[PDB]
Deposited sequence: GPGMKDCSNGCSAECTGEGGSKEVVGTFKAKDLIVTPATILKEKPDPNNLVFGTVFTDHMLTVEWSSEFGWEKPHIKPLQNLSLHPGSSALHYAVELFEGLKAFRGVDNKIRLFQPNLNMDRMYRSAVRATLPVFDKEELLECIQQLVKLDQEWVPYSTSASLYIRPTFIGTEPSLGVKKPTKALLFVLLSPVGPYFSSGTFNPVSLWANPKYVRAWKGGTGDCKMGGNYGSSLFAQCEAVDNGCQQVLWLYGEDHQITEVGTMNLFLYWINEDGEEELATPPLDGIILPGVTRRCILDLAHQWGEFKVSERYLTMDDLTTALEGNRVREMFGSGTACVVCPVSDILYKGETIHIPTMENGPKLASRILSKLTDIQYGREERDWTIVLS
């Protein structure tokens, strides 16, 4: 049990630098910056010194457990060029906490969260000109952690690689609301599974349903669970419902963290803002398709949206379920709460207001 240290960083600058992309013509996760972070681990010697070096292919033994048994996890967070031209991270300590927890569940080696964050800051700082000159674009940060043991054995890995990629990304909407594909045949996560960690294995099994969604003109899967068809996640995003509940109370509701919900940073921020405002009830509670269709019949639904680093908030206009299209009146209700949340989080991200939730770059 040990850690790499940022003070040990070895920095090999690229001698040929790539042209930055047009900030308006950015496709998510396709353009990479000049440099990457790599840190090697072995059970025999522990963590090697961390390296910032030119973006390169990984050289992996074809037996690597990441390729056979998905011994792997990732994170997603962003750097933002402020209205004051200062680059900020947003709640990055929550990403480090989740990455450490995911590592323990994956049986990958633990590391010092502060040392990783400082290595990430030094990587962003070196490639800081890649943080887009735009109030609607950002630099996506992809910490990734893979088993690299050259053996086919099913066992705790004795070799691993922690790396970080940087990708300039545009606004999710280049509010264009999403249509959701609701097919109960496919289950994202089960009680006693890894659905509450950002482990690669949760996503490979989800691709088929996503291609079926797209084949039916939908952008995301509505992940249903159990005999009562609980609504759990809006594809890669946490699920919020703003409605009049069964007791006639104005309520912001989201599924509870009972093992099948990824605990989103954005979700946490939205719940914290909603509690802070104290203008309506805030409930972590089960929501079923029946609860939703009963509410829609009673004109009790105001807004439905996903939350995530990639979108901030993603309004939902429609659900395809049992061969019918179910309208959700989000965009006919402003969407007032969705807009307020987007405006608040964006104002914090781009330094339009001071917050405990941002760190100015190292």
Relative to the deposited sequence numbered from 1, which residue ranges are unmodelled?
1 to 24, 199 to 201
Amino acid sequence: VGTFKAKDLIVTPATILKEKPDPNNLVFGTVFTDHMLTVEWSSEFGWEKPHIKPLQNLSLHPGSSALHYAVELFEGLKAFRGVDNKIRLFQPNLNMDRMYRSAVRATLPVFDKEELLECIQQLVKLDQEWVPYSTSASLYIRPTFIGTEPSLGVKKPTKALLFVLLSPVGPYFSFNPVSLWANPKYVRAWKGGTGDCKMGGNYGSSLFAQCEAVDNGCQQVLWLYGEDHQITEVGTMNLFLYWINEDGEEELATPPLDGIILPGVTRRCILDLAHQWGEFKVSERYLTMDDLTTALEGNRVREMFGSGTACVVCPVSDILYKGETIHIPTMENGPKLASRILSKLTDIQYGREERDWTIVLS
From here on, numbers count along this sequence of modelled residues.
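For the two forms, the rigid core is made up of the largest set of C-alpha atoms that agree within 1.5 Å on superposition.
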RMS CA shift, core-fitted in 7 other deposited structures of this protein, bigger for 165 to 173 or for 91 to 99
165 to 173
Using the B-factors recorded in the PDB entry, average over the C-alpha atoms of 65 to 73 and of 50 to 58, then report which stretch comes out higher.
50 to 58
Per the entry, higher mean C-alpha B factor between 258 to 266 and 241 to 249:
241 to 249
Say you rank 136, 232, 148, 107 by Cα B-factor from the PDB entry; which sits at the top?
136
Which one of 285, 86, 78, 159 shows the biggest C-alpha B-factor in the PDB entry?
86
Can you tell me which third, lowest, middle or highest, the CA B-factor of residue 115 falls into for its chain?
middle
The third of the chain into which the C-alpha temperature factor of residue 201 falls is the lowest
CA B-factor ranking of residue 126, expressed as a third of its chain:
highest
Per the entry's values, where does residue 102 land by CA temperature factor relative to the rest of its chain, in the lowest, middle or highest third?
lowest
Chain-relative C-alpha B factor for residue 141 (record values, thirds): the lowest
